[PDB]
């Protein structure tokens, strides 16, 4: 299966530069072009440019001809996009994408998870992870609610899973709220059977890449 490996996030100071990677798998790297796409809530989805890992040939959208620099490690099967002189406009999710041919035309069939870039002079802040413990005031019709409070971080995003991704049903990971200090907070909850509460272990896995935070918190009654 074709997979595109992409780092989570990068905090970048205004005026500096950033270089993000895209490790390809499941297909012959040099036999297909690699594309890069930018997404913002304002401008939506925008194609940036493409590199041919076959022999290092590139092509760019007009707008990103100064911003983007496309390279490809022919040996590592990893493609890189370098952005330079970052401004607030460069704050976005950046996707690397594979394309495929049909009916004479092309379309993006495989996408990476995306790299969330934040252009800010503000410092990174690792969150504190607090448990939201199941109680009697947390009990509904034979089910109990529990979770984790991912508190005070910068910048976005924080990803949360439960039991290393084995628990997805009934999971609500809320959009982060922006605090007056400029920091963000987030919470993730899940409802479980209250009857197996003494035999099941519920751990939230919190990831905050820009601060190298990788935390497992057990939430217990």
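Positions refer to the first chain, counted from 1.
Peer 1: Comparing 156 to 164 with 24 to 32, which has the greater mean CA B-factor as deposited?
Peer 2: Taking the mean C-alpha B-factor of 156 to 164 and of 24 to 32, the larger value falls to 24 to 32.
Peer 1: With reference to the PDB entry, specify whether the mean Cα temperature factor is higher for 140 to 148 or for 67 to 75.
Peer 2: Mean C-alpha B-factor is greater for 67 to 75.
Peer 1: Sort 52, 47, 184, 174 by C-alpha B-factor from the entry and give me just the highest.
Peer 2: Out of 52, 47, 184, 174, the record gives the largest C-alpha B-factor to 52.
Peer 1: Name the one of 132, 129, 83, 121 with the greatest CA B-factor according to the PDB entry.
Peer 2: Of the candidates given, the C-alpha B-factor peaks at 83.
Peer 1: Quick check on the deposited entry: does the C-alpha B-factor of residue 19 sit in the lowest, middle or highest third of its chain?
Peer 2: Highest third.
Peer 1: Tell me, lowest, middle or highest third: where does the Cα B factor of residue 188 rank within its chain?
Peer 2: As the PDB entry reports it, the C-alpha B-factor of residue 188 lands in the lowest third of its chain.
Peer 1: Based on the entry's values, in what third of the chain does the Cα temperature factor of residue 170 lie: lowest, middle or highest?
Peer 2: As the PDB entry reports it, the C-alpha B-factor of residue 170 lands in the lowest third of its chain.
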